[PDB]
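Chemist: Provided herewith: model.cif, mmCIF, C-alpha atoms and all ligand atoms.
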```cif
data_protein
loop_
_atom_site.label_atom_id
_atom_site.label_comp_id
_atom_site.auth_asym_id
_atom_site.auth_seq_id
_atom_site.Cartn_x
_atom_site.Cartn_y
_atom_site.Cartn_z
CA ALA A 3 90.50 66.73 99.14
CA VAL A 4 93.09 67.70 96.52
CA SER A 5 95.97 69.15 98.52
CA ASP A 6 97.47 71.31 95.72
CA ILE A 7 94.59 71.85 93.31
CA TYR A 8 96.22 74.84 91.55
CA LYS A 9 99.55 73.13 90.81
CA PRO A 10 98.12 71.93 87.45
CA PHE A 11 96.89 75.48 86.85
CA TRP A 12 100.33 76.99 87.37
CA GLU A 13 102.09 74.28 85.36
CA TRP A 14 99.77 74.96 82.42
CA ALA A 15 100.17 78.74 82.69
CA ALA A 16 103.96 78.41 82.92
CA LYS A 17 104.06 76.17 79.84
CA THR A 18 101.82 78.57 77.93
CA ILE A 19 103.67 81.74 78.97
CA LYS A 20 106.96 80.10 78.05
CA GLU A 21 105.76 78.85 74.65
CA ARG A 22 103.75 81.87 73.52
CA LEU A 23 106.09 84.65 74.71
CA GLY A 24 109.31 82.79 73.86
CA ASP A 25 112.46 84.89 73.64
CA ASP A 26 110.58 88.09 74.49
CA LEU A 27 110.16 86.65 78.00
CA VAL A 28 112.67 87.57 80.70
CA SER A 29 112.70 87.28 84.47
CA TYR A 30 111.13 90.02 86.59
CA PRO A 31 113.17 90.85 89.73
CA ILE A 32 111.70 89.14 92.80
CA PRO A 33 112.97 91.04 95.88
CA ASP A 34 115.30 88.96 98.04
CA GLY A 35 113.36 87.21 100.79
CA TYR A 36 110.10 87.01 98.81
CA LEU A 37 110.82 84.16 96.37
CA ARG A 38 109.77 81.43 98.82
CA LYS A 39 108.32 82.04 102.29
CA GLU A 40 107.32 79.29 104.71
CA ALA A 41 105.69 79.19 108.14
CA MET A 42 103.78 76.74 110.30
CA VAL A 43 100.02 77.29 110.48
CA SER A 50 101.21 71.79 108.61
CA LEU A 51 103.85 73.70 106.65
CA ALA A 52 102.42 76.54 104.54
CA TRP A 53 104.53 78.13 101.81
CA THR A 54 104.20 80.93 99.27
CA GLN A 55 106.06 80.56 95.96
CA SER A 56 106.65 83.61 93.75
CA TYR A 57 107.04 83.76 89.96
CA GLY A 58 107.81 86.82 87.86
CA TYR A 59 108.35 87.67 84.19
CA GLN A 60 108.28 90.65 81.84
CA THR A 61 108.25 91.53 78.14
CA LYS A 62 108.32 94.78 76.18
CA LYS A 63 104.50 94.75 76.37
CA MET A 64 104.00 93.10 79.78
CA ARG A 65 105.45 95.18 82.61
CA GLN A 66 104.98 92.31 85.06
CA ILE A 67 103.54 88.81 84.88
CA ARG A 68 103.65 87.55 88.45
CA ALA A 69 102.13 84.76 90.51
CA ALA A 70 101.84 84.01 94.20
CA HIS A 71 101.12 80.30 94.70
CA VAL A 72 100.12 79.65 98.32
CA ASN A 73 99.80 76.12 99.69
CA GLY A 74 99.02 75.37 103.33
CA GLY A 75 97.17 72.14 102.70
CA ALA A 76 93.73 71.66 101.20
CA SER A 77 92.26 74.24 103.60
CA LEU A 78 94.56 77.02 102.33
CA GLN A 79 95.37 77.25 98.62
CA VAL A 80 95.75 80.31 96.41
CA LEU A 81 96.96 81.01 92.90
CA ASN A 82 97.11 84.79 92.37
CA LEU A 83 98.25 85.35 88.78
CA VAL A 84 98.14 88.80 87.17
CA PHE A 85 99.39 90.17 83.85
CA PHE A 86 100.25 93.89 84.08
CA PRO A 87 100.76 95.64 80.71
CA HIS A 88 103.26 98.41 80.22
CA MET A 89 101.50 101.74 80.42
CA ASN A 90 102.20 102.62 76.77
CA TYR A 91 99.48 100.06 75.94
CA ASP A 92 95.76 100.32 76.64
CA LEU A 93 95.52 96.57 77.24
CA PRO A 94 93.42 95.44 80.21
CA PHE A 95 94.89 93.57 83.11
CA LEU A 96 94.46 89.80 83.19
CA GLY A 97 93.50 88.91 86.75
CA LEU A 98 93.25 85.29 87.87
CA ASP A 99 92.46 84.91 91.59
CA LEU A 100 91.83 81.30 92.61
CA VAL A 101 91.24 80.88 96.35
CA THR A 102 90.41 77.71 98.29
CA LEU A 103 89.49 78.14 101.96
CA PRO A 104 87.77 75.88 104.52
CA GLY A 105 84.45 77.52 103.60
CA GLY A 106 84.82 76.72 99.90
CA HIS A 107 86.31 77.98 96.66
CA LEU A 108 86.46 81.59 95.43
CA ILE A 109 87.20 82.19 91.74
CA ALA A 110 87.74 85.59 90.12
CA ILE A 111 88.80 85.58 86.45
CA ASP A 112 88.63 88.76 84.39
CA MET A 113 90.35 91.06 81.93
CA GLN A 114 90.08 93.99 84.29
CA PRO A 115 89.62 97.10 82.12
CA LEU A 116 91.34 100.47 82.18
CA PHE A 117 88.13 102.22 81.06
CA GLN A 118 84.39 101.51 81.09
CA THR A 119 83.59 103.41 77.88
CA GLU A 120 81.59 102.03 74.97
CA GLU A 121 84.73 102.18 72.85
CA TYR A 122 86.87 100.22 75.32
CA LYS A 123 84.17 97.57 75.73
CA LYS A 124 83.84 97.18 71.96
CA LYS A 125 87.61 96.82 71.64
CA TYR A 126 88.25 94.34 74.46
CA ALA A 127 85.00 93.04 75.99
CA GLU A 128 82.80 92.34 72.97
CA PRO A 129 85.36 90.02 71.26
CA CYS A 130 85.31 87.93 74.46
CA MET A 131 81.54 87.58 74.81
CA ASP A 132 81.15 84.15 73.20
CA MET A 133 83.99 82.86 75.38
CA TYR A 134 82.33 84.42 78.44
CA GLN A 135 78.89 83.00 77.70
CA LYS A 136 80.37 79.56 77.02
CA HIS A 137 82.02 79.42 80.44
CA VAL A 138 79.52 81.29 82.61
CA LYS A 139 76.96 78.53 81.96
CA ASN A 140 78.97 76.20 84.22
CA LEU A 141 80.35 78.92 86.55
CA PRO A 142 77.34 80.69 88.09
CA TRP A 143 77.64 84.17 89.59
CA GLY A 144 79.37 84.07 92.96
CA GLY A 145 77.12 86.68 94.57
CA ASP A 146 77.77 89.68 96.78
CA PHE A 147 80.75 91.78 95.77
CA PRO A 148 82.52 94.81 97.30
CA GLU A 149 81.21 98.02 95.77
CA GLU A 150 84.46 99.94 95.28
CA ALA A 151 85.88 97.04 93.26
CA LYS A 152 83.09 97.16 90.67
CA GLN A 153 84.79 99.84 88.56
CA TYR A 154 87.72 97.46 87.95
CA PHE A 155 85.80 94.57 86.36
CA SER A 156 84.67 94.02 82.79
CA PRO A 157 81.49 92.56 81.28
CA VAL A 158 83.26 89.17 80.96
CA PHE A 159 84.13 88.98 84.68
CA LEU A 160 83.83 85.37 85.87
CA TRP A 161 82.97 85.49 89.58
CA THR A 162 81.93 82.11 90.93
CA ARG A 163 82.04 79.93 94.06
CA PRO A 164 82.46 76.28 93.07
CA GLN A 165 81.61 73.86 95.86
CA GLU A 166 83.43 70.70 94.70
CA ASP A 167 87.06 70.13 93.74
CA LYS A 168 85.97 68.54 90.45
CA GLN A 169 84.36 71.78 89.28
CA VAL A 170 87.67 73.60 89.80
CA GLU A 171 89.63 70.88 88.00
CA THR A 172 87.26 70.95 85.01
CA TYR A 173 85.06 74.02 84.48
CA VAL A 174 87.33 76.58 86.16
CA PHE A 175 90.45 75.11 84.56
CA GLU A 176 88.97 75.39 81.07
CA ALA A 177 87.95 79.04 81.56
CA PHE A 178 91.38 79.73 83.08
CA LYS A 179 93.02 78.40 79.90
CA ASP A 180 90.66 80.12 77.46
CA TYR A 181 91.05 83.53 79.11
CA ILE A 182 94.85 83.28 79.20
CA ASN A 183 95.00 82.29 75.52
CA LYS A 184 92.58 85.05 74.50
CA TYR A 185 94.51 87.63 76.51
CA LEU A 186 97.81 86.70 74.87
CA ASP A 187 96.07 87.05 71.50
CA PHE A 188 95.25 90.64 72.51
CA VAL A 189 98.86 91.15 73.62
CA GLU A 190 100.23 89.89 70.29
CA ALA A 191 98.07 92.33 68.32
CA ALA A 192 98.37 95.33 70.66
CA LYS A 193 100.18 98.40 69.36
CA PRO A 194 101.79 101.10 71.52
CA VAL A 195 99.95 104.28 72.44
CA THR A 196 101.88 107.43 71.55
CA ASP A 197 99.31 110.19 72.16
CA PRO A 198 100.52 111.91 75.37
CA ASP A 199 96.96 112.62 76.50
CA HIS A 200 95.95 108.95 76.20
CA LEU A 201 99.17 107.90 77.95
CA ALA A 202 98.37 110.21 80.87
CA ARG A 203 94.93 108.64 81.28
CA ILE A 204 96.32 105.11 81.00
CA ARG A 205 98.79 105.99 83.76
CA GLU A 206 95.97 107.25 86.00
CA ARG A 207 93.80 104.16 85.57
CA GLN A 208 96.72 101.78 86.11
CA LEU A 209 97.69 103.54 89.34
CA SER A 210 94.07 103.61 90.55
CA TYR A 211 93.75 99.84 90.09
CA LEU A 212 97.15 99.10 91.62
CA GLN A 213 96.46 101.37 94.60
CA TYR A 214 93.09 99.74 95.29
CA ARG A 215 94.42 96.18 95.34
CA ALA A 216 97.52 97.09 97.34
CA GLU A 217 95.29 98.67 100.00
CA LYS A 218 92.16 96.51 99.82
CA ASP A 219 93.00 93.06 98.48
CA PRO A 220 91.89 90.35 100.96
CA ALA A 221 95.33 88.78 100.48
CA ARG A 222 96.61 91.35 102.99
CA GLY A 223 94.56 89.90 105.83
CA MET A 224 95.55 86.33 105.05
CA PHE A 225 99.27 86.98 104.53
CA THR A 226 99.32 88.94 107.81
CA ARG A 227 97.97 86.00 109.81
CA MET A 228 100.38 83.66 108.03
CA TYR A 229 103.63 85.65 108.06
CA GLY A 230 103.04 88.87 110.01
CA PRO A 231 102.48 92.49 108.99
CA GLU A 232 106.03 93.50 108.08
CA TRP A 233 106.61 90.78 105.48
CA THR A 234 103.09 91.14 104.09
CA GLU A 235 103.32 94.86 103.35
CA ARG A 236 106.69 94.39 101.64
CA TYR A 237 105.29 91.56 99.52
CA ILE A 238 102.20 93.55 98.55
CA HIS A 239 103.75 96.96 97.88
CA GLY A 240 107.14 95.62 96.76
CA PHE A 241 106.10 92.80 94.42
CA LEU A 242 102.43 91.82 94.02
CA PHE A 243 101.24 95.40 93.35
CA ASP A 244 104.55 97.22 93.04
CA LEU A 245 103.85 99.79 90.30
CA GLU A 246 103.78 102.83 92.59
CA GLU A 247 107.08 101.90 94.26
CA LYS A 248 108.80 101.28 90.93
CA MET A 249 107.49 104.60 89.62
CA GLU A 250 108.38 106.70 92.67
CA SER A 251 111.85 105.14 92.93
CA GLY A 252 112.65 106.02 89.31
CA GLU A 253 112.95 102.34 88.35
CA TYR A 254 109.92 102.14 86.06
CA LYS A 255 110.39 103.51 82.54
CA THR A 256 107.41 103.27 80.20
CA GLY A 257 107.83 100.31 77.86
CA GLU A 258 111.27 99.41 79.19
CA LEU A 259 112.27 96.26 81.05
CA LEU A 260 113.63 96.26 84.58
CA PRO A 261 117.21 94.92 84.70
CA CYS A 262 117.27 91.30 85.88
CA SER A 263 119.83 88.57 85.20
CA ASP A 264 117.96 85.78 87.00
CA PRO A 265 117.40 82.78 84.69
CA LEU A 266 113.79 82.04 83.84
CA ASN A 267 112.16 79.92 86.55
CA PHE A 268 108.81 78.12 86.30
CA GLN A 269 109.13 75.57 89.12
CA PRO A 270 109.16 75.59 92.94
CA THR A 271 112.39 76.86 94.51
CA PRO A 272 112.93 74.90 97.79
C1 LIG B 1 89.93 94.51 92.29
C2 LIG B 1 89.65 93.76 93.35
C3 LIG B 1 89.87 92.34 93.39
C4 LIG B 1 89.52 91.51 94.40
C5 LIG B 1 88.79 91.94 95.61
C6 LIG B 1 90.31 90.20 94.30
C7 LIG B 1 89.45 88.93 94.11
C8 LIG B 1 88.77 88.61 95.38
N1 LIG B 1 89.28 87.89 96.40
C9 LIG B 1 88.23 87.86 97.39
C10 LIG B 1 88.20 87.27 98.60
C11 LIG B 1 89.28 86.67 99.34
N2 LIG B 1 90.60 86.48 98.91
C12 LIG B 1 91.29 85.87 99.97
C13 LIG B 1 92.65 85.46 100.04
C14 LIG B 1 93.59 85.66 99.12
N3 LIG B 1 93.44 86.23 97.83
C15 LIG B 1 94.68 86.24 97.18
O1 LIG B 1 94.87 86.68 96.06
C16 LIG B 1 95.65 85.66 98.13
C17 LIG B 1 97.05 85.54 97.73
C18 LIG B 1 95.00 85.31 99.27
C19 LIG B 1 95.54 84.69 100.49
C20 LIG B 1 96.84 84.64 100.74
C21 LIG B 1 90.40 85.68 101.02
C22 LIG B 1 90.73 85.08 102.31
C23 LIG B 1 89.17 86.18 100.64
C24 LIG B 1 87.95 86.19 101.45
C25 LIG B 1 87.91 87.43 102.30
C26 LIG B 1 86.57 87.51 103.05
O2 LIG B 1 85.83 86.48 103.04
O3 LIG B 1 86.29 88.59 103.62
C27 LIG B 1 87.09 88.60 96.86
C28 LIG B 1 85.85 88.81 97.61
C29 LIG B 1 86.18 89.82 98.71
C30 LIG B 1 84.95 90.25 99.52
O4 LIG B 1 83.91 89.57 99.40
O5 LIG B 1 85.07 91.28 100.25
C31 LIG B 1 87.43 89.06 95.65
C32 LIG B 1 86.60 89.85 94.75
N4 LIG B 1 91.10 90.42 93.08
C33 LIG B 1 90.86 91.66 92.52
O6 LIG B 1 91.41 92.05 91.50
#
```
Take the structure from the file and write it as structure tokens.
Modeler:
Amino acid sequence: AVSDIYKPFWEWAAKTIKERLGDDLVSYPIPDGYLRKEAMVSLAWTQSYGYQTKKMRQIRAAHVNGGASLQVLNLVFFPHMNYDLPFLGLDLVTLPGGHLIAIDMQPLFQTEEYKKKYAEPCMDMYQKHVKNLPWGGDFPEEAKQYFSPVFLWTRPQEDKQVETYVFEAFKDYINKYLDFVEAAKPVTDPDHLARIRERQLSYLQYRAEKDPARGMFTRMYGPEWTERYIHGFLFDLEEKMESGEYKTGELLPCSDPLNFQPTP
């Protein structure tokens, strides 16, 4: 089977991020010791990528490769909390038991107004892709509040379906999301900002505590590295807020040159 089936996914996302965000794009600080992590399982490695703009607090990816039986691309766009933009969540998981694919613009709110603003303009795109990406099935209850009407949840059973149908939805959702980002305007109403902050923290807290990545990273690299990776990078909002680092709509200082390729 394809050993690194998400390498073409990442390469496309990197090219698109770089082109469409241009000079607004700067590196996001990747904590030392979490850029590249390797352990024997064959050699299995985790490669980190991180970026930010004045609208995107954090665009970060974990690309895990431990052979065909263990592949993950976890790519999430986190808006700054002075925007009501949804998250863009792209979880692509390949395990011995098959493929797991979760692609969504995870919403801050489930109101009629929010759905009209962000979900309804995506419905043709959703219906185009869901025809070849059937519903994946049973789904944890607590997570339901964090998914939109255009959630693509599917379990492809052949590599080819990932390389074709999933890849095309992957691209379309990223391009549509960045269209939203381009057009988004800041929120200045303090009441709305307070609610945006609450919903962002709720989502971040759920995934930091409940994401199945915790269990897998723990087996691979142990508990101490895993918790630092999860709370310190993958879902780091609460830490950055509590430490006084996060400032609404402001970039975190980082002088690292932009990187889009594996770092040995
Ligand atoms: C908001 C919640 C949300 C999710 C749960 C994930 C999206 C997601 N990932 C899932 C499942 C899942 N995900 C992984 C593994 C990983 N997922 C990752 O992002 C990384 C980096 C992994 C490994 C290192 C594994 C091993 C499973 C299977 C766990 C199991 O079989 O019990 C599931 C199904 C979980 C289940 O059935 O219980 C979802 C929905 N992303 C999200 O945004």
Chemist: Return as number ranges by chain every polymer residue, whether protein, DNA or RNA, with at least one atom no more than 8 Å from an atom of ligand LIG 1 (chain B); count only C-alpha atoms and all ligand atoms.
Modeler: A: 70-72, 78-82, 97-101, 103, 108-110, 114, 146-148, 151-152, 154-155, 161, 211, 214-215, 218-225
Chemist: Identify which of the residues A:210, A:140, A:55, A:165 lies closest to residue A:73, counting all atoms listed in the file when measuring atom-to-atom distances.
Modeler: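 Smallest distance to residue A:73 is found for A:55.
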Chemist: Ranking A:195, A:252, A:200, A:56 by minimum distance to residue A:34 and counting all atoms listed in the file, which one comes first?
Modeler: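 For residue A:34, the nearest of the candidates is A:56.
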Chemist: Restricting the calculation to only C-alpha atoms: of A:24, A:145, A:230, A:272, which residue gets closest to residue A:59?
Modeler: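 The answer is A:24, which sits nearest to residue A:59.
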Chemist: Figure out the distance between atom CA of residue A:52 and atom CA of residue A:32, please, to one decimal in Å.
Modeler: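 Spanning atom CA of residue A:32 to atom CA of residue A:52 is a straight-line distance of 19.6 Å.
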Chemist: Stretch 61-65 of chain A: which residues within 7 Å, counting all atoms listed in the file, same-chain residues fewer than 6 positions away excluded, as a PyMOL selection string?
Modeler: chain A and resi 26-28+85-88+257-259
Chemist: For the residues in the current selection, export C-alpha atoms as a short mmCIF file (atom, residue, chain, number, x, y, z; two decimals), in the coordinates of the input.
Modeler:
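And here is the file that came out, part-v5.cif:
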```cif
data_model
loop_
_atom_site.label_atom_id
_atom_site.label_comp_id
_atom_site.auth_asym_id
_atom_site.auth_seq_id
_atom_site.Cartn_x
_atom_site.Cartn_y
_atom_site.Cartn_z
CA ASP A 26 110.58 88.09 74.49
CA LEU A 27 110.16 86.65 78.00
CA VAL A 28 112.67 87.57 80.70
CA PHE A 85 99.39 90.17 83.85
CA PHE A 86 100.25 93.89 84.08
CA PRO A 87 100.76 95.64 80.71
CA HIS A 88 103.26 98.41 80.22
CA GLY A 257 107.83 100.31 77.86
CA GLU A 258 111.27 99.41 79.19
CA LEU A 259 112.27 96.26 81.05
#
```
Chemist: Could you state the separation of atom CA of residue A:60 and atom CA of residue A:20 in Å, given to one decimal place?
Modeler: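 Straight-line distance from atom CA of residue A:60 to atom CA of residue A:20 works out to 11.3 Å.
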Chemist: Rounded to one decimal in Å, what is the spacing between atom CA of residue A:193 and atom CA of residue A:207?
Modeler: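 Result for atom CA of residue A:193 versus atom CA of residue A:207: 18.3 Å, one decimal.
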Chemist: What would the list of residues within 10 Å of (102.1, 91.3, 99.7) (file frame) look like as a PyMOL selection string, if only C-alpha atoms are what count?
Modeler: chain A and resi 36+70+216+219+221-226+231-244
Chemist: Taking all atoms listed in the file into account, name the residue in A:158, A:111, A:177, A:249 that is nearest to residue A:137.
Modeler: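 Ranked by minimum distance to residue A:137, first place goes to A:177.
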Chemist: Could you check which of A:143, A:178, A:57, A:117 is closest to residue A:8, using all atoms listed in the file?
Modeler: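 That would be A:178, the residue with the smallest distance to residue A:8.
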Chemist: Need the shell around residue A:261: protein/DNA/RNA residues with any atom at most 9 Å away, counting only C-alpha atoms. Skip same-chain ones fewer than 5 positions apart. Format as a list in words?
Modeler: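 That gives residues 29, 30 and 31 of chain A.
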Chemist: Would you mind putting back N, CA and C atoms on stretch 26-68 of chain A, then writing it out as an mmCIF file, in the frame of the given file?
Modeler:
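Result file follows (part_33.cif):
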```
data_model
loop_
_atom_site.group_PDB
_atom_site.id
_atom_site.type_symbol
_atom_site.label_atom_id
_atom_site.label_comp_id
_atom_site.auth_asym_id
_atom_site.auth_seq_id
_atom_site.Cartn_x
_atom_site.Cartn_y
_atom_site.Cartn_z
ATOM 1 N N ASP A 26 110.950 86.809 73.901
ATOM 2 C CA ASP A 26 110.580 88.090 74.490
ATOM 3 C C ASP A 26 110.524 88.018 76.012
ATOM 4 N N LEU A 27 110.389 86.820 76.572
ATOM 5 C CA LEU A 27 110.160 86.650 78.000
ATOM 6 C C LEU A 27 111.465 86.683 78.778
ATOM 7 N N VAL A 28 111.527 87.533 79.805
ATOM 8 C CA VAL A 28 112.670 87.570 80.700
ATOM 9 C C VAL A 28 112.174 87.629 82.138
ATOM 10 N N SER A 29 113.056 87.260 83.061
ATOM 11 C CA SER A 29 112.700 87.280 84.470
ATOM 12 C C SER A 29 112.395 88.702 84.924
ATOM 13 N N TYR A 30 111.423 88.818 85.823
ATOM 14 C CA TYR A 30 111.130 90.020 86.590
ATOM 15 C C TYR A 30 111.791 89.923 87.956
ATOM 16 N N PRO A 31 112.455 90.968 88.448
ATOM 17 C CA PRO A 31 113.170 90.850 89.730
ATOM 18 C C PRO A 31 112.208 90.580 90.885
ATOM 19 N N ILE A 32 112.436 89.471 91.583
ATOM 20 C CA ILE A 32 111.700 89.140 92.800
ATOM 21 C C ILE A 32 112.557 89.577 93.986
ATOM 22 N N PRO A 33 112.120 90.552 94.786
ATOM 23 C CA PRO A 33 112.970 91.040 95.880
ATOM 24 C C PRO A 33 113.446 89.903 96.777
ATOM 25 N N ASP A 34 114.708 89.990 97.195
ATOM 26 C CA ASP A 34 115.300 88.960 98.040
ATOM 27 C C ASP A 34 114.476 88.784 99.309
ATOM 28 N N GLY A 35 114.191 87.528 99.651
ATOM 29 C CA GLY A 35 113.360 87.210 100.790
ATOM 30 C C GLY A 35 111.888 87.043 100.479
ATOM 31 N N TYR A 36 111.497 87.133 99.207
ATOM 32 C CA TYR A 36 110.100 87.010 98.810
ATOM 33 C C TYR A 36 109.914 86.004 97.682
ATOM 34 N N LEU A 37 110.949 85.227 97.360
ATOM 35 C CA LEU A 37 110.820 84.160 96.370
ATOM 36 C C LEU A 37 110.053 82.977 96.944
ATOM 37 N N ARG A 38 110.417 82.552 98.152
ATOM 38 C CA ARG A 38 109.770 81.430 98.820
ATOM 39 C C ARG A 38 109.730 81.743 100.311
ATOM 40 N N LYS A 39 108.534 81.704 100.889
ATOM 41 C CA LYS A 39 108.320 82.040 102.290
ATOM 42 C C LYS A 39 107.490 80.942 102.926
ATOM 43 N N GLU A 40 107.956 80.423 104.062
ATOM 44 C CA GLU A 40 107.320 79.290 104.710
ATOM 45 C C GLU A 40 107.100 79.580 106.186
ATOM 46 N N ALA A 41 105.991 79.071 106.718
ATOM 47 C CA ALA A 41 105.690 79.190 108.140
ATOM 48 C C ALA A 41 104.689 78.112 108.513
ATOM 49 N N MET A 42 104.738 77.700 109.776
ATOM 50 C CA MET A 42 103.780 76.740 110.300
ATOM 51 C C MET A 42 102.453 77.431 110.587
ATOM 52 N N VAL A 43 101.357 76.731 110.306
ATOM 53 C CA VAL A 43 100.020 77.290 110.480
ATOM 54 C C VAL A 43 99.201 76.438 111.436
ATOM 55 N N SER A 50 100.351 72.203 109.710
ATOM 56 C CA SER A 50 101.210 71.790 108.610
ATOM 57 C C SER A 50 102.028 72.973 108.080
ATOM 58 N N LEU A 51 103.035 72.667 107.267
ATOM 59 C CA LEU A 51 103.850 73.700 106.650
ATOM 60 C C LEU A 51 103.059 74.399 105.548
ATOM 61 N N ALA A 52 103.075 75.730 105.560
ATOM 62 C CA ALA A 52 102.420 76.540 104.540
ATOM 63 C C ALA A 52 103.454 77.438 103.883
ATOM 64 N N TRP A 53 103.527 77.388 102.555
ATOM 65 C CA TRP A 53 104.530 78.130 101.810
ATOM 66 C C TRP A 53 103.872 79.002 100.752
ATOM 67 N N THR A 54 104.601 80.039 100.351
ATOM 68 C CA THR A 54 104.200 80.930 99.270
ATOM 69 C C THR A 54 105.349 80.980 98.272
ATOM 70 N N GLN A 55 105.075 80.591 97.031
ATOM 71 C CA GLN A 55 106.060 80.560 95.960
ATOM 72 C C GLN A 55 105.764 81.698 94.985
ATOM 73 N N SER A 56 106.794 82.471 94.640
ATOM 74 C CA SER A 56 106.650 83.610 93.750
ATOM 75 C C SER A 56 107.226 83.294 92.372
ATOM 76 N N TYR A 57 106.573 83.825 91.340
ATOM 77 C CA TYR A 57 107.040 83.760 89.960
ATOM 78 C C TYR A 57 106.897 85.136 89.341
ATOM 79 N N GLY A 58 107.840 85.504 88.476
ATOM 80 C CA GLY A 58 107.810 86.820 87.860
ATOM 81 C C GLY A 58 108.501 86.898 86.516
ATOM 82 N N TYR A 59 107.843 87.539 85.549
ATOM 83 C CA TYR A 59 108.350 87.670 84.190
ATOM 84 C C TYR A 59 107.963 89.034 83.641
ATOM 85 N N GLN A 60 108.556 89.380 82.500
ATOM 86 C CA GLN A 60 108.280 90.650 81.840
ATOM 87 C C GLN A 60 108.613 90.534 80.361
ATOM 88 N N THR A 61 107.948 91.365 79.558
ATOM 89 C CA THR A 61 108.250 91.530 78.140
ATOM 90 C C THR A 61 108.153 93.019 77.820
ATOM 91 N N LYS A 62 108.419 93.378 76.562
ATOM 92 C CA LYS A 62 108.320 94.780 76.180
ATOM 93 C C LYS A 62 106.875 95.277 76.203
ATOM 94 N N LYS A 63 105.895 94.373 76.226
ATOM 95 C CA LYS A 63 104.500 94.750 76.370
ATOM 96 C C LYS A 63 103.926 94.464 77.744
ATOM 97 N N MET A 64 104.480 93.485 78.460
ATOM 98 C CA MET A 64 104.000 93.100 79.780
ATOM 99 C C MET A 64 104.991 93.609 80.824
ATOM 100 N N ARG A 65 104.602 94.662 81.547
ATOM 101 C CA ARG A 65 105.450 95.180 82.610
ATOM 102 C C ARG A 65 105.784 94.089 83.618
ATOM 103 N N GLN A 66 104.773 93.346 84.058
ATOM 104 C CA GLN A 66 104.980 92.310 85.060
ATOM 105 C C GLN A 66 103.921 91.227 84.881
ATOM 106 N N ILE A 67 104.377 89.989 84.749
ATOM 107 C CA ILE A 67 103.540 88.810 84.880
ATOM 108 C C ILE A 67 104.009 88.114 86.142
ATOM 109 N N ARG A 68 103.182 88.093 87.185
ATOM 110 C CA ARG A 68 103.650 87.550 88.450
ATOM 111 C C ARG A 68 102.570 86.694 89.092
#
```
